[PDB]
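Colleague: Sharing a structure below in structure tokens format, with a few things to ask.
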Amino acid sequence: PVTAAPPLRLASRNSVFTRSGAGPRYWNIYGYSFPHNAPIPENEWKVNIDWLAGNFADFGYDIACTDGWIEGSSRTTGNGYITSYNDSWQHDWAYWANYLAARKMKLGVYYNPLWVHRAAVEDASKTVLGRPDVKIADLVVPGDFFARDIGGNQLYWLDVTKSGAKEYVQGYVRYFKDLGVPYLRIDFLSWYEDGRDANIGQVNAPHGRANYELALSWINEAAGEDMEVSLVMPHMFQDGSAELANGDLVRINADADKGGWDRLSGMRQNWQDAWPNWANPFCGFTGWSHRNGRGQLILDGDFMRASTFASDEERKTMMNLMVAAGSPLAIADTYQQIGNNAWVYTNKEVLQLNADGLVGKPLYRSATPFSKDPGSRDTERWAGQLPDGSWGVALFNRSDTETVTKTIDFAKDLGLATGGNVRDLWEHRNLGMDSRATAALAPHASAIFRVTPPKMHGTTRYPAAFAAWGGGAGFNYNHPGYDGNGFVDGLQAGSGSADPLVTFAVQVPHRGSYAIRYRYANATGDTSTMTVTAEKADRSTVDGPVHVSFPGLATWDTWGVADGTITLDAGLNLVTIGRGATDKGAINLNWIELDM
């Protein structure tokens, strides 16, 4: 029988945003500001918003998000917080948040709350929120400008060791949250952390690892559950540990820049040990995929610039990659650039994958980090499972010249026993019951499918190799007999301060008790245990934590099925299985099955 267990120790922010699904749908001003190398004029912001409200907001793109070119945003409140996007603007953030609200839309803000504007420093009357004893001037080291070494002299980096720093940072974050902002986009993280950029050189003073960790913790706490934390230009040191602990989204690619295929798939394929580890999002999504999924990180492939691509097939590939990876769907085409390309963003069936919370993984080929061996994961074949047990499957051809066949086999690759109904979401075509999804793809073309397994008596299988991994859990394939492409290992005593775990999202019809199975290996020589919980998206406990027991078997090549009962509620549950300090032994996990 199961016994009560303490909670697992976590190493991620684990917010409602990352637990509830995929990245958000939004529009960003980058399509204006990047080619203009200029802040967006207020009238251009308005006309874009009005265009969004009449076309894309109805398809869920209901956040209008600002971006950089903010050195000219100098006006601040009495506590040093910027009052608008640019000094040329006639209206403040609240005005625009209300204008958006009237159009069923929300404001997204680009700002880094460790920036302190020189104009606020220079006004002795300005003081830290709740700390009238600390002038804004008292928060900075003389000369410690953002981008100092390439000419920056308008924004300071905050000195987090100064009295008042926490109140300033947290107040800045809450300032936007309170304005009704659901999305805060925080850039130039790596430049704060070590003052280095591998494409430029020394850019400003370093601030160090402990200060970076501290700053991120303050931001996380202040954002809470109401505002999503997007981390842009992070170094992702120590396998992204600080960002995972404190954020919802991490950029995984170099900036979209001029867009097109070279930015989507080119530049360089190799990993490097500094921002951005991978340049193109095919490689970055693939390389950071071990950190994705419910309660871990949402991977951010930056901005979609549809008009910058050479063909409609490339445009579909752009969109299909973002959706496959669970990324934010961030349109950067302006009303002038969009042309005849609105359709790219508004395929209801493709969007439905995002709404349902698809977070795909590339097909794993080995356990070796992708940063060390690009053979270890397949950038061109992606799959993820939805809470109802259906799947999104995406196939890509990154060749510039050849037509190439790509295939995902539901047994051999996904680890299912059932096959599934296959629907091509760009043809809008039912292909019927099949054992595989396949396409002969033209250069730069792709295909994306909804795959729906039939369920005997409600039996739904969730393969662990396509679920969310945390705390050191990961992919392997080094003991035969697993269903699918592999299994999850590393489920033993944690190497540090986190407990290894796997998280599954499951959807059921009513509040109550349901029958669960766990296919596992355990050749430790004794019964092993794992801690199992069920929770709502907001982390509220539905079941457990309980120790579930797993009998010892003869060899690591032997697989068994443990049986259990789990209380699941109607709709979305997160079922997490992991190895805590009070658990015994170790297991390898192949899959769970539910009878809903």
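Chain labels A, B, ... are given in the sequence in which chains occur in the structure tokens; within each chain residues are numbered consecutively from 1, and ligands are likewise numbered from 1 in the order shown.
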Mind checking which residues fall within 8 Å of residue 461 of chain A, counting only C-alpha atoms, ignoring those fewer than 4 positions away in the same chain, and posting them as a list in words?
Modeller: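 Answer for this query is residues 389, 416, 591, 592, 593 and 594 of chain A.
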Colleague: Might you pull out every residue within 7 Å of residue 575 of chain A, with only C-alpha atoms counted and same-chain residues fewer than 2 positions away left off, and present them as a VMD selection string?
Modeller: chain A and resid 503 to 505 533 to 535 573 577
Colleague: Please provide as number ranges by chain all residues within 9 Å of residue 159 of chain A, with the sequence filter that same-chain residues fewer than 2 positions apart are discarded (counting only C-alpha atoms).
Modeller: A: 114, 139-141, 144, 156-157, 161-162, 165, 207, 211
Colleague: Kindly indicate which residue among A:491, A:473, A:203, A:587 lies nearest to residue 527 of chain A, using only C-alpha atoms for the distances.
Modeller: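 Of A:491, A:473, A:203, A:587, the one nearest residue 527 of chain A, counting only C-alpha atoms, is A:587.
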Colleague: Would you list the contacts of residue 135 of chain A as a list in words, taking every protein, DNA or RNA residue within 6 Å and counting only C-alpha atoms, but skipping same-chain residues closer than 3 positions in sequence?
Modeller: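 Answer for this query is residues 126, 127 and 138 of chain A.
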Colleague: Write out as a PyMOL selection string each polymer residue whose atoms come within 12 Å of residue 84 of chain A, counting only C-alpha atoms; drop sequence neighbours fewer than 5 positions from it.
Modeller: chain A and resi 39+41-42+66+70-77+89-97+107+109-111+176+179
Colleague: Residues within 12 Å of residue 520 of chain A, please, as a ChimeraX atom specification. Count only C-alpha atoms; anything in the same chain fewer than 3 positions from it doesn't count.
Modeller: /A:463-464,479,481-483,486-489,491,517,523,528-530,549-553,555-563,577,586-593
